Amino acid sequence: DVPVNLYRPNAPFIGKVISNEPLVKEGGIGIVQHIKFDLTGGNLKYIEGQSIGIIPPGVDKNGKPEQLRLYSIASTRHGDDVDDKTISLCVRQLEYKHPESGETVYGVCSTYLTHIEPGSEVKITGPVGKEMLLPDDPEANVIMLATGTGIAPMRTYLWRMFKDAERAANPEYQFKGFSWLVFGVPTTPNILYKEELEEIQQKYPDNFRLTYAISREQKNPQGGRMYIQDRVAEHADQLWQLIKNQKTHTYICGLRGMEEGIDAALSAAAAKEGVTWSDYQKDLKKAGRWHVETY
Ligand SMILES: Cc1cc2nc3c(=O)[nH]c(=O)nc-3n(C[C@H](O)[C@H](O)[C@H](O)COP(=O)(O)OP(=O)(O)OC[C@H]3O[C@@H](n4cnc5c(N)ncnc54)[C@H](O)[C@@H]3O)c2cc1C
């Protein structure tokens, strides 16, 4: 029932770009694009939490073909238009430093994707992943801990849960649990999907809580920049009490390195009741209730 590897690298699906929109507003850092592809003429199906691969054109420095890079699917199974014909990605352009040969290095696939024109054909493989799947239990609690483009799987959950057109398209899933997104970004113009996230929080104030950690605008208690681990420590007691519920699932997605500060906050909270978090967390992973995708 979970689609996996309907397309593979040796014969990928050739989709077309429908749109390529910027998500970072003026005054923000970097480039993050929302890219929608046309899936008609193929049999690519997917569900929420999965990833697809993109094969960029060209060769590396050794003259070998460029391999695929994985990207979290940013749309629900129905696509952004709820017509079951499209798939969306949330792609940040990668670029970096001088202690890595030259001046500015541009990431191959992310530069390729963020500057791709509507009408362009793209090689798409997948879907892949069973680690970030949403339970069909409408009474689940869902804690979502995201930084940057780790917002992508979270957007697929929230849209399925809260969009009017999704609710009408998924009669079997009418969410009525509680979900809490803690979203870490550097600036307010960097809050990907800000308007849509904040509309959900207005319509469903008892089912969705939205917390930001904005590091260039907020300070933690120690005087440093506000990062997501600082917001998690602020609410560590509350987060631990929700995690104790049998219905609660936790999702962590973003760049690698956020997990260590989430654990240290939850460890101190758990210790107060004689629980060692690292052993409780092993049981949550085994039970399928602790979901991590960092990169
Ligand atoms: C499951 C999964 C899901 C992902 N989802 C997304 C998503 O939704 N959105 C998204 O934007 N990305 C996502 N990523 C990352 C994405 O796959 C690519 O790694 C990323 O886009 C960069 O690829 P590239 O082709 O642009 O870079 P490459 O051209 O391969 O450049 C990357 C290489 O350069 C180096 N490098 C990178 N950063 C630095 C640095 N700061 N300093 C020094 N060297 C560095 C490393 O050698 C790295 O292997 C995901 C990754 C995985 C594994």
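To match Swiss-Prot, the residue numbers of chain A are left as they are there, and the shown ones run 146-440.
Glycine too: its Cβ is placed from the backbone N, Cα and C atoms.
Here's what Swiss-Prot has on this protein:
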type: BINDING; residues: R214, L215, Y216, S217, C235, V236, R237, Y241, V253, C254, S255, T294; note: FAD binding site
type: BINDING; residues: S217, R237, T294, 330-331, 360-361, 370-374, 399-400, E438; note: NADP(+) binding site
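Feature annotations (Swiss-Prot) mapped to structure.
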{"residue": "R214", "record": "FAD binding site", "DSSP class": "strand"}
{"residue": "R237", "record": "FAD binding site", "DSSP class": "strand"}
{"residue": "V253", "record": "FAD binding site", "DSSP class": "helix"}
{"residue": "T294", "record": "NADP(+) binding site", "DSSP class": "helix"}
{"residue": "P331", "record": "NADP(+) binding site", "DSSP class": "coil"}
{"residue": "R361", "record": "NADP(+) binding site", "DSSP class": "coil"}
{"residue": "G399", "record": "NADP(+) binding site", "DSSP class": "strand"}
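Checking the binding-site residues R214, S217, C235, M371, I373, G399 against ligand 1 with a 6 Å cutoff on the Cβ atom leaves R214, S217, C235, in sequence order.
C235 (FAD binding site) has none of the binding-site residues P331, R361, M371, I373, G399, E438 nearby, counting only those with a Cα within 10 angstroms of its own Cα. Spatially, by CA atoms, the binding-site residues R214, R237, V253, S255 include one closest to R361 (NADP(+) binding site), and that is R237. Nearest neighbour of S255 (FAD binding site) by Cα distance, taken over the binding-site residues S217, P331, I373, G399, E438: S217. A distance of 17 Å separates the Cα atom of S217 (NADP(+) binding site) from that of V253 (FAD binding site).
Distance between Cα atoms for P331 (NADP(+) binding site) and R214 (FAD binding site): 25 Å, as a whole number. For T294 (NADP(+) binding site), the same-chain residues that are 6 or more apart in sequence and have a Cβ closer than 8 Å to its Cβ are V177, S217, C235, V236, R237, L337, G399. Same-chain residues at least 6 positions away in sequence with a Cβ under 8 Å from that of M371 (NADP(+) binding site) are, in sequence order, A358, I359, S360, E362, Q363, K364, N365. Residue pair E438 (NADP(+) binding site) / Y216 (FAD binding site) shows a Cα separation of 11 Å.
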